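Worksheet: one structure, shown below.
Chain letters run A, B, ... following the sequence lines, proteins first and then strands; every chain starts at 1. Because only heavy atoms are used, hydrogens play no part in the values below, and waters and symmetry mates are left out as well, while side chains stay in.
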Amino acid sequence: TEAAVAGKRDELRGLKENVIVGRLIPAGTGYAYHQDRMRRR
Amino acid sequence: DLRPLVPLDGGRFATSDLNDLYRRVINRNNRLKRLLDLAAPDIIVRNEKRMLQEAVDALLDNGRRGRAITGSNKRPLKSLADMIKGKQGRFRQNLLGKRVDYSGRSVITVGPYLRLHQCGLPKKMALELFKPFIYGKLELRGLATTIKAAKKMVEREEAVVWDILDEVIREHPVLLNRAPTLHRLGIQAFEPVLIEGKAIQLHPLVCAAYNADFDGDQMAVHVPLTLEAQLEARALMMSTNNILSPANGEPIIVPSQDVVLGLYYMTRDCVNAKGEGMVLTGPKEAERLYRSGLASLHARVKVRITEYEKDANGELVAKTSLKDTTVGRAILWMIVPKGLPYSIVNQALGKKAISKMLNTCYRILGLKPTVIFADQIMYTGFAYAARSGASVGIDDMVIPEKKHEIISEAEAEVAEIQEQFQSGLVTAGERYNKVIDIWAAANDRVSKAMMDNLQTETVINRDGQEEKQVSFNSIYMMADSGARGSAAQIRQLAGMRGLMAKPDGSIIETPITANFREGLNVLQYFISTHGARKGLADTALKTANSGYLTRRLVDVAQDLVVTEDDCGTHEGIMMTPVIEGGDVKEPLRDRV
Amino acid sequence: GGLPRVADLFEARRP
Amino acid sequence: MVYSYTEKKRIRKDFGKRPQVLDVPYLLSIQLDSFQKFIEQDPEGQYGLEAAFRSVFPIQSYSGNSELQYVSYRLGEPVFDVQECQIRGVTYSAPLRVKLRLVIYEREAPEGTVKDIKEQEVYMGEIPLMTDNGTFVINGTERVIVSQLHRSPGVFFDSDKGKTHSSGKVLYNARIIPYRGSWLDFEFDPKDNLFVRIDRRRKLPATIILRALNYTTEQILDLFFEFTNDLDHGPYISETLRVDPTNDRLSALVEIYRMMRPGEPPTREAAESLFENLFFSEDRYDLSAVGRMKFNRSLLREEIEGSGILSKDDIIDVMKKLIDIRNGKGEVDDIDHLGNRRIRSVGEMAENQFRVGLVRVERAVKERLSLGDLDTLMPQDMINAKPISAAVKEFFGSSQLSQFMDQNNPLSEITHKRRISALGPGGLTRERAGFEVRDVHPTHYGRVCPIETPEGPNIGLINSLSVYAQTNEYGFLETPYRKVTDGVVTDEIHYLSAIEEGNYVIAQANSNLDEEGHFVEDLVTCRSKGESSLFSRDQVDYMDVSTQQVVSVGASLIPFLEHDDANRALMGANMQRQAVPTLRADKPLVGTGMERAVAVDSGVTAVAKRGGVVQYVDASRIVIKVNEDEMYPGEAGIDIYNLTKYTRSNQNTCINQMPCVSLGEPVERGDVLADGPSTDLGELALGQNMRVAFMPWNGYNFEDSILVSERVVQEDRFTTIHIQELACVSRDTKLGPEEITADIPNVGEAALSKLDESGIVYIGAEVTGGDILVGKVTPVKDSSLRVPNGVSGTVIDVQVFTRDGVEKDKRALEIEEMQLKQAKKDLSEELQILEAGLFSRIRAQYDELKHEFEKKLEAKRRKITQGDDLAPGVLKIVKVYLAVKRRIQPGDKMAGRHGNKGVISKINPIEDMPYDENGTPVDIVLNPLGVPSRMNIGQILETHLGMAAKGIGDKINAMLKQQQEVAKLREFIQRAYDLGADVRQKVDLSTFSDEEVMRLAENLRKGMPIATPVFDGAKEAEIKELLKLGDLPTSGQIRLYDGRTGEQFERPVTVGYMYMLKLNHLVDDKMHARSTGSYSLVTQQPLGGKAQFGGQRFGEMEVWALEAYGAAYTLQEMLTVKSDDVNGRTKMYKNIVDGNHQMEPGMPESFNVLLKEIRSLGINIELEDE
Amino acid sequence: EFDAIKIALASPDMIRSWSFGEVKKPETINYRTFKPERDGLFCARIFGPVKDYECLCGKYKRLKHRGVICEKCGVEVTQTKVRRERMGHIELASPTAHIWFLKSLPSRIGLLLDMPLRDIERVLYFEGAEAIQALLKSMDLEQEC
DNA sequence: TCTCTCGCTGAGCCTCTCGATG
RNA sequence: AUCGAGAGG
DNA sequence: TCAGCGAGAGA
Ligand SMILES: Cn1cc([C@@H]2O[C@H](COP(=O)(O)OP(=O)(O)OP(=O)(O)O)[C@@H](O)[C@H]2O)c(N)nc1=O
Ligand SMILES: [Mg+2]
Ligand SMILES: [Zn+2]
């Protein structure tokens, strides 16, 4: 309810969010991968 | 298709709750459609409007305003808000966990011949777990020309497919998991060895980290599929990688039970045993003499030993001398890696001594020698526990002779204060404490006498003279070595059962003066059931609290990751020793 | 004491 | 000794030393008595059915001058017996038939006599019947109704101890609980003001209710005052009504109406109706007889009977008692005391459901009589049976206390029928229950077992009845004791309840009495008022009857149980109920003496009704010729017993009976004629006797593992039989029906060979998994019924059901009506013996007997030929039964009787086993380290004694090989039976014939049975005397040799005999694996059952572990390629087939489902591509 | 192919944009035969073909004519998976409130207004919410702030 | 400002079996 | 495919 | 059921 009335935006930065969406977590063997992503923008 | 209708064995179809609420809303809203043209009086118009409101409040979150709608049975219908929250909602049942392929389950048994990086897998399970790899390799060698042909060939099993199965799993790891899964060591990786039967064989040294015992436990198994997954399993999750705890700095592999008892018996010392007084050329002569039958393991002798030490930069330098020792210690010296001193086995080896040996080997020499040392220690312990023939009998539990005095005199003292209650001299709320103190003192006396008799029960004739030595009683050695059994349990077995408590928490005035050797009567046994039931009830109902606290702790900190090397700050915390009352509870070394 | 004590600390419960 | 025919064949030796003054009662009384009190004809209206009929009647129309009356009821005779119902699949019940009379009075004159009356009999549904063993057959299945323990009606005075109102004060309160009505309780507050709650509603002030009884403030002051003080009297009342709103009586009534029903306009003609329909009415309120008794006892009243409704005076006394308790002159009662909780059984539950449905037809009758009819109406037309029968049927089949019957062994079967539950309608809940209700209360002594209880979330809420416990007239558990008069213990037995027992002082059963009966010592240990202490002999009033008075049936079967820890005793008692019957029953060498009672009261054996002599014996039938003294003037005198052969139980085990009597033998009544499962010569036999050694062996018994010799496997000591049932229904469906012909498309010639011409498997055909049992083609497609997987047994039974609208095939002639032919042949054979006997008796008139027998045969044929009502949409059902054998293997669970359990690790070759100096190998090796940490020392004492029983059996056996003379056997066995300290059992062999002595010796050559009752067992010295008599060392330890090298172990080892069990946890049922398969329909994730070929669940905690490792690619595999991602798994399978180990994942479908649901709730959610 | 998830309130125009079918008056799937009735909850026209590449009438059955709606019966030919993708809408005759924004401890459908929860509920319970709708429409946020 | 009613929120993990009603 | 009843770690 | 913490009461 609060999110809908505030118009919030989710950036997918934690472990649980990437687990839920099905991407590599930003830790361990995936960490460098995410560091590449921010280097692409 | 996200709200389907499922057919049944009969003609009727199972129906979903959503399709009922939707139909109710549709009919209640469409009833107003025809009424608009008829121009009904406003009295009927207003009431129907409200009937629409609640109908919508049915499709949305139900039960938020009272009088939840129900269906054919006597249970409320589940709305759209019920499909997103709770333990059965999408988040906690289909997105943070799910069911997977290439998995299996079975009962577990002990395998005493395995190496630390191996496990035993049944072949019937394996032939079905690794099916696509077998199909591919069958296609590779030309034994089939289609998927159906390969499937039929695998189903009607021949001898050619078993060699294929042998080559597929040659260097392919698997993951094993036990259900409660409290820390990260509840999942590990192993190399599979094909066996016969239906149970899974497990290494004795990984049990304590899994919290597993062979009285009906089950386990699950999963198969990695990509090169990255196989390499991660080999490099991160392999059992040879995990030897130190993440919670503290203590080793997680540690022998126990039969290994400890075997090593403890192997390194004990006697007086006037056979073969005493010899001078030997080394450990091999001791082994030869013991296996021939000319000498005992517990004989005191002189042996010539050579040992290596770090010289100045990790170079092994040797030294040779004569040492007074026993046959068993010299025999055991043959598995110690090069670089450790001889004094580390020249004594009776308990549980803590074996753990210290393992830690010293890990510190001085590294990782690869440590696993070999551990496996050799397990083999030696299992081998030498069987040769002793250690057993337990009813005469092992010895009852002190003076017990019948200590209780009786105590029963006198409790009587005397009763006389002091005949004529007013002490408060009626005071004799309780004095009687309790008398009984506590008597129990302490009996326990001390029992232990004093049990610890030195052996008397030995050295040579025309008598002497005392540590005894070889089975229960005493099992308690002393640290394999099984605390002192209080021996107290209960051969001493006195002590003082019980009422269900409220008060102390029952009269103790149990019997032990488990000379059994209990009806009243004492009835008294002793309250504590057992209270313990079992406490265990049964407080697991959920721990689980809830763990889930909350995991939720609050799930996103913290090391992201840099140095932040540049200069603040911090001052560390001081914890001293309260006068005794230093925590020093000023381990905290920093 | 016991588990309720630590659950009360980690929840910042008011005395 | 032993006197009966059955027991004299094998006399068990007893070490007990206390005489038995009271026998063990019948173990199934609680169910039989309860159902008898419900179905019987009561001359008065005291109990169930008559009392129910005398409560909804008489019913008369309002001023209509018409009334209908009840006079009598009758139960009919069942159409089928138990076996016919079980085979058919229907309920075993009797029809209820009631005669009714209807009277219509003269118009305009109520006192005027009825002009005309009509009498008729009506039918009012079907009532299920209990069997002789205390079960019900609902749809061919046996069920158990469990007894409920609940708080008694009455009035109770409770409080709180620092829960709310942290100021540090106690808040006393009182509550009134009726049997059928609304609640009413009085409570205090921190301001010391009286408040009242009705039906657990908002706390309205107390004095208002007084204003609802037409009272004034001066009258209230006169009632509650004579003046205030600090201790003697409190101003609680005055300070309460000085802060109370409203006045008079109408204001109080309308305030009560507003507080009860929210909204609505308060009228006057419909205002006092609520107050009247409250606790002062009879049709909607009943504080019943036990409630009345407890209410009067709580208030210190000298009356026991009374009204089933409350009154102003009672409320005033409740308030005064609560105020007096507040004033420091009262006391609070214990809610867990067994004087406040009572037992409700199946008979009491059946009458309540017969009243719920009886009022439904009562309302309909009144409406019909209102319309009126000029004698055209009849009683039958105004009575319907649907609702009452619906209520009864729902209770018998859907209640929480009607449970699927546990049928592993006889002991579990008899333990299920003595359970007491604190759950169900009107009971507790698992979550709501705390810690105090789960405890062991001091009043449990002698009434419920403090040992036997489940270990999961039901601990403390399920209990077992004690051996000698009983319910009284009001329903409170009671226990027997012996009267003590003038200091001598007598034989008079009195049953005392928990309330009364606290008054006297009771001596423990382990006391020493002289020849006359006087106590020996000058002090006696006794109980009083929940405590225990020493007293003088002149003070004693009662005494216990037995040393097994405290425990239940399962606990009294554990030998040396007083040397064990209570946790392990609990585990052993719970584990004895899981044992599986083996191929050959085997008696225990060490026992307690309760085996015969359990085996006989279970009802699994066959017990002779009358004495006589055996005439014909066979593997399926027994015939007894009755003695002259037990005949009747006009009956033949033949008893026929038919036995059960290879029938499946509820848990898919085997039930089989075999005879244990020979041709020409004499039998007295109450003698065992045949054994059922797990019975050996009339004694309960759960496991097997194994020779065991306590030592470690190369790490193969490292932690609760068990090493077993191959000799055990070769001799089938633990092989079991399992029976399974499969079905094949033919349904009428659109677009073409199913096919029952043998023809099947794409089926090889060999496939049809196993089946018959009609496509049905033959009897005795041996089949494996994935083999066609019935040919089924769906119009076609292959839908043939086959063995799913793994199971590979033999077809032993085929059944066929048909409707009266279709033809019959060849197998419908050779197996369907051939079953009827076999049944008719069996009936003819059964009748022929009696017919021939009567004809032979009368041949040394006949037309009447011939006509009667022909009529009986015709009736039997008509009963057999009757059809059955099948489910709509089907016409024929085919049922097939399969039998398989199971042998032990590594991975199977085994246990003892003291909580010692384990799994089998290895089957060892026999030359590898440890052996003694005579070359005899052992059977089992167990780890000694598992003994001392637990305190179950009783498993060691059993072993030593178990050795002593074998040695005696050795010396007899040798005497039967080197054939000796009878006097030596007589002398040795006499010396064996006389060994002891001072025992209560005496066996005299001088009164035996030589043949009897030889038979007894022949039954003793495998070992001499020993009985050691709980708390009255054998001592160490007696065991050592028996060992010395057997020429064995008195330590229990011998020398052993390693079978691999021939070398001697360094220390002596403990070797003996022990009783072991095999449990129903088989590795064959638990192993499963999957690679690919079927997925759910909405969230396309794999299914989750072995029966459905499902995958394992990878939960949140496993995800946490992988996250703590850092293995990102493994987690991504676990969430996409092996899960609800659809294109990724296909591409991955193709890649693995092609040899390329690489994945390209996508988006899971569950996320799309969640997004669609969020959109459905009227909320916009989007993936921001930019 | 994305980096963020955005959430906001919905509007009638957005809801009608999400839709493929008009207001659903019929109540039932169709119990008599497999073919569902039109315009209801289950409908072949609104949510797509029941079976792959086959129209309901059966006039088109195979690929090369895909993407062409049938003339006689007006059925699009597409894979049946679309039946778990498309949505529809119900056009009401009277406005109704949303329970989530009303039922809460900080009730946010009456947080902007000064009316208490009890009074707002009494007006909404009528003892249809045109009063609430007009009151929220007329309010000017900038002047109030 | 400081007590006192009044209420929705939450409550460990993974397997197996039966029946009744969809 | 939910609802009740039990069972194992 | 049982704690826990707002939210809305008032003297
Ligand atoms: C009943 N239960 C049991 C377990 C698991 O079961 C393990 C012990 O079960 P167990 O049979 O091996 O007995 P245990 O080893 O303790 O003692 P003995 O072997 O008899 O001496 C225990 O670690 C625990 O994880 C659980 N997670 N929830 C439960 O509700
Ligand atoms: Mg286990
Ligand atoms: Zn079309």
Quick check for you: among F/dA20, F/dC13, F/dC6, whose closest atom lies nearest to any side-chain atom of D/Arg202? F/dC6

Atom CG of D/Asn652 to atom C1' of F/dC18: distance rounded to whole Å? 10 Å

Which listed nucleotide (F/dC13, G/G6, F/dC16) is nearest to the side chain of B/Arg92? F/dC13

Checking D/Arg430 against D/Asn458: is there a side-chain donor and acceptor pair closer than 3.5 Å? yes

On the nucleotide G/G6, are OP1 or OP2 found under 4.0 Å from the side-chain N or O atoms that D/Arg430 carries? yes

Pucker class of F/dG10 from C1'-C2'-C3'-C4', north or south? north

Kindly check the sign of the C1'-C2'-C3'-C4' torsion at F/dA11 and name the resulting pucker, north or south. north

Out of F/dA11, F/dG19, G/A5, whichever nucleotide has its closest atom nearest the side chain of B/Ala544: F/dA11

Is F/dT17 on the north side or the south side, where north means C1'-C2'-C3'-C4' is positive? north

Given that D/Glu1100 and D/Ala1091 both sit by DNA chain F, which one's nearest nucleotide is further toward the 5' end? D/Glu1100

Rounded interatomic separation in angstrom, taking CG from B/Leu96 and P from F/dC14: 12 Å

If positive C1'-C2'-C3'-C4' means north (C3'-endo side) and negative means south (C2'-endo side), then F/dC13 is north

So, D/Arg418 side chain and D/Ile414 main chain: donor-acceptor pair closer than 3.5 Å or not? no

For D/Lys893 and F/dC16, give me the distance from atom NZ to atom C1', rounded to whole Å. 13 Å

So, B/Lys542 and B/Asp538, do they make that salt bridge, N to O below 4.0 Å? yes

Look at all strands and tell whether D/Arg143 reaches a base, only sugar-phosphate, or nothing, counting heavy atoms closer than 4.0 Å. sugar-phosphate

Between the side chains of D/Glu452 and D/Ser464, does any donor sit under 3.5 Å from an acceptor? yes

Looking at B/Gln218, does any N or O in its side chain come under 4.0 Å of the phosphate oxygens OP1/OP2 on F/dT15? no

Could you tell me how far apart D/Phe435 (CZ) and H/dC2 (P) are, to the nearest whole angstrom? 12 Å

Side chain of D/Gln400 only, heavy atoms from C-beta on: which candidate in F/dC18, G/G6, G/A5 is closest? G/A5

Side-chain contact check for D/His1065: nearest option of F/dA20, G/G8, F/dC13 is G/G8

Tell me whether the guanidinium CZ or amine NZ of D/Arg1074 lies under 6.0 angstrom from the six-membered ring centre of D/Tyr1079 and within 45° of its axis. yes

F/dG19, G/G6, G/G8: which one has an atom nearest the side-chain heavy atoms of D/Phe404? F/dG19

Given atom CE of D/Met405 and atom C1' of F/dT17, what is their separation to the nearest angstrom? 17 Å

Pucker family (sign of torsion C1'-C2'-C3'-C4'), F/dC18: north

Nearest-Å distance, CG (D/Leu1063) to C1' (F/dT17)? 16 Å

Can you find a side chain N or O atom of B/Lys87 that sits less than 4.0 Å from OP1 or OP2 on F/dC13? yes

Applying a 4.0 Å non-hydrogen cut-off, can you work out what D/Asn139 is touching in the nucleic acid: base, sugar-phosphate, or nothing? sugar-phosphate

Quick check for you: among F/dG19, H/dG4, F/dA20, whose closest atom lies nearest to any side-chain atom of C/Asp8? H/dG4

Map B/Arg551 and D/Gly1099 onto DNA chain F by nearest heavy atom, then report which one ends up closer to the 5' terminus. B/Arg551

Report yes if a side-chain nitrogen or oxygen of B/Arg105 is closer than 4.0 Å to either non-bridging phosphate oxygen (OP1 or OP2) of F/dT15; otherwise report no. no

Using only heavy-atom distances, determine whether the side chains of D/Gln407 and D/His416 contain a donor-acceptor pair under 3.5 Å. no

D/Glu187/D/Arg175 salt bridge by N-O under 4.0 Å criterion: no

Rounded to the nearest Å, what distance is computed from the CD atom of residue C/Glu11 to the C1' atom of nucleotide F/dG10? 11 Å

With a 4.0 Å cut-off on heavy atoms, is D/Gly1089 in touch with a base, just the backbone sugar-phosphate, or nothing at all? sugar-phosphate

With the side chain defined as heavy atoms from C-beta on, D/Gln578 is closest, among G/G8, G/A5, H/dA7, to G/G8

Which is true for C/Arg13 with a 4.0 Å heavy-atom rule: it touches a base, it touches only sugar-phosphate, or it touches nothing? sugar-phosphate

